[PDB]
Amino acid sequence: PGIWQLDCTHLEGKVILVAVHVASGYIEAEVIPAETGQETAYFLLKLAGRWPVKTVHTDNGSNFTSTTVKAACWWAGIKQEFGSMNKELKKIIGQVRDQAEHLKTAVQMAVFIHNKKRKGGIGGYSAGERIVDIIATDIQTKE
Amino acid sequence: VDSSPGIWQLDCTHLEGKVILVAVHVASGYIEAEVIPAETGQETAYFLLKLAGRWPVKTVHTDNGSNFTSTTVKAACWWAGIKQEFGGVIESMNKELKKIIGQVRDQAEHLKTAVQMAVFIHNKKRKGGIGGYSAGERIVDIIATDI
């Protein structure tokens, strides 16, 4: 619902900040200069003003130690829990790499591919549609 | 506003020497923004690609056609399946954003931050009192309803 996972990965000497909406599989990514508290804080603010972000997990807790990140989380009302998508995204970026000049562009193309892919089978919906569905349903129940 | 879940508006506004790229989902009033060094086709195309990756973007309108004449923009639109939209809410959002940025500016180090704070404030602001909705709730509802 409002639970996300945020991590950084490296490709071509660049840092890719990847946010995953755990329940839907929806992805949002950004290529940043380097892993810094400032970038993480900035990213969280963007994510927050877009979707209802209540809790953000990570595989590297130290990512969330800076006072800029704590302040961003505090201001936006985001909490964190102390203690496929990623591997898949790298695969997609590989397939699409020769179709964009800069890694940034390729990353967004790959995010687009991921969020639009339709699971031919049970359900039959994409990650981008599922997140919108989950959030819409939640609003409806709380009205 | 009148129509279509896939219609967006895209323009650039200037502040503190930087450029603010603002996208508005016409039907809900939802905003998405980003600070960039200056207006360039590459920036615009990059933004559209991100936008298109999260929302079902069909057409995008702009008050200055030149924004979309760039070959990079055309390549991005072609790839994402977007087309230009030919022909008061939108007029308000741009100025209201600046108002919100101004009132939260000092509260932040970088302009970037102030902009995202303003976007957060705008999208979460409930309109319509009893029974009302925020732009963020509105967009999700409109998109979800369109299957």
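Determination of this PDB entry was carried out by X-ray crystallography to a resolution of 1.95 Å, according to the record.

K.L.:
Can you walk me through the packing of helix α3 (residues 85–96) of chain A against helix α4 (residues 103–116) of chain A in this structure?
P.N.:
Residue and element names in this part refer to chain A. The interhelical angle for the contact between α3 and α4, taken along N-to-C directions, is 120 degrees, at an axis separation of 9 Å. It follows from the interaxial angle that α3 and α4 lie oblique. Seen along the crossing, α3 lies across α4 with a hand that is right-handed. Facing α3, whose interface residues are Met-85, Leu-89, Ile-92, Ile-93 and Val-96, α4 presents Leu-103, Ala-106, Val-107, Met-109, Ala-110, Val-111, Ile-113 and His-114. Broken down by class, the residue content of the contact of α3 with α4 amounts to twelve nonpolar, one polar and no charged.

K.L.:
In this structure, what is going on with helix α2 (residues 71–80) of chain B? I would like to understand it.
P.N.:
Three- or four-residue spacings in an α-helix give side chains the same orientation, since the helix completes a turn every 3.6 residues. Among the residues of α2(B), those classed as buried are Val73(B), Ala76(B), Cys77(B) and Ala80(B). Along the axis of α2(B), the buried residues cluster in a sector spanning 95 degrees; they form a single face. Exposed and oriented more than 90 degrees from the buried face of α2(B) are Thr71(B), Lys74(B) and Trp78(B). Residues of α2(B) that are buried make contact with α4 of chain A together with α1 (41–54) of chain B. The N-capping residue of α2(B), defined by a side-chain oxygen 3.2 Å from the backbone nitrogen of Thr72(B), is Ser70(B). Backbone geometry just after α2(B) places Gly81(B) at a positive phi near 75 degrees.

K.L.:
What is the right way to read empty space enclosed by the protein from this model?
P.N.:
Over the atoms a probe the size of a water molecule is rolled, and this reveals where empty space is left. Taken as a whole, the largest cavity spans an internal volume of roughly 40 Å³. Its residues assigned to classes, the lining of the largest cavity shows four nonpolar, three polar and one charged.

K.L.:
Just to check I follow, could you spell out unusual backbone geometry for this structure?
P.N.:
Leave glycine aside and you will find that most residues have negative phi; peptide bonds, for their part, are mostly trans. With phi around 50 degrees, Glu12(A) is a residue other than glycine that occupies positive phi space. Residue classification places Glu12(A) among the partly exposed residues on the basis of a relative accessible area of 44%.

K.L.:
Which parts of the structure should I look at to understand the sheet that holds strand β5 (residues 79–80) of chain A?
P.N.:
Sheet strands associate in pairs through backbone hydrogen bonding, adopting either a parallel or an antiparallel arrangement. Residue and element names in this part refer to chain A. Taken in spatial order, the five strands of this open sheet run β3-β2-β1-β4-β5, and their pairing is mixed. Single-partner strands in this sheet number two, and they are β3 (26–32) and β5. Judged from the eight bridges that link them, strand β1 (residues 3–11) and strand β2 (residues 14–21) form a sheet pairing that is antiparallel. Looking at β2, one finds that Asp-7 is bridged to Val-18. Packing of helix α1 (residues 37–50) onto the sheet brings it into contact with β1, β2, β3 and β4 (55–57), and relative to β3 it is tilted by some 145 degrees. Helix α5 (residues 127–142) contacts β1, β2 and β3 of the sheet and is inclined by roughly 110 degrees relative to β3.

K.L.:
What is the right way to read the pairing of β1(A) from this model?
P.N.:
Note on strand geometry: in a regular strand, side chains alternate between the two faces of the sheet. Residues and elements named next belong to chain A. Pairing of β1 with β4 involves three bridges; the strand directions are parallel. By the bridge assignment, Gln-5 is partnered in β4 with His-57. As consecutive antiparallel partners, β1 and β2 are separated by two residues, and within that stretch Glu-12 has a phi angle of approximately 50 degrees, a positive value.

K.L.:
Hey, could you run me through the interface of chain B and chain A in this one?
P.N.:
Interfaces are frequently sized by the accessible area removed from exposure as the parts join. In this assembly, 29 residues from chain B lie in contact with 29 residues from chain A. Around 2,800 Å² of area is buried between chain B and chain A when both sides are counted, 64% of it from carbon and sulfur atoms. For chain B, the biggest contributors to the area lost against chain A are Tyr46(B), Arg54(B) and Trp79(B); these three give 24% of the whole. At the boundary of chain B and chain A, one finds four salt bridges.

Cut-offs applied
- Residues numbered from 1 in each chain as written, not as in the entry; some residues may be left out.
- Chains lettered and ligands numbered in written order.
- Heavy atoms only, no water.
- Residues with missing side-chain atoms left out of burial classes, pairs and counts.
- Axes fitted to C-alpha atoms, helices over the stretch in contact; angles between N-to-C directions.
- Helix = DSSP H or I, 4+ residues; strand = E, 2+ residues; numbered from the N terminus.
- Parallel < 35°, antiparallel > 145°, perpendicular 65-115°, else oblique.
- Left-handed = near helix turned anticlockwise from the far one by under 90°.
- Contact = heavy atoms within 4.5 Å.
- Nonpolar A, V, L, I, M, F, W, Y, C, P; charged D, E, K, R; others polar.
- Buried < 20%, exposed > 50% of the residue type's maximum accessible area, 1.4 Å probe, protein only.
- Arc of directions from axis to C-beta.
- Polar contact = N/O pair within 3.5 Å; in protein donor to acceptor, adjacent residues only side chain to side chain.
- 1 Å grid on protein atoms, 1.4 Å probe; cavity = no way out; pocket = protein on both sides within 12 Å on 5 of 7 lines; lining within 4 Å.
- Points joined across faces, edges and corners; volume = space filled by probe spheres on them.
- Pairing = 2+ DSSP bridges.
- Buried area = accessible area lost by both parts, 1.4 Å probe.
- Salt bridge = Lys/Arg side-chain N within 4 Å of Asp/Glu carboxyl O.

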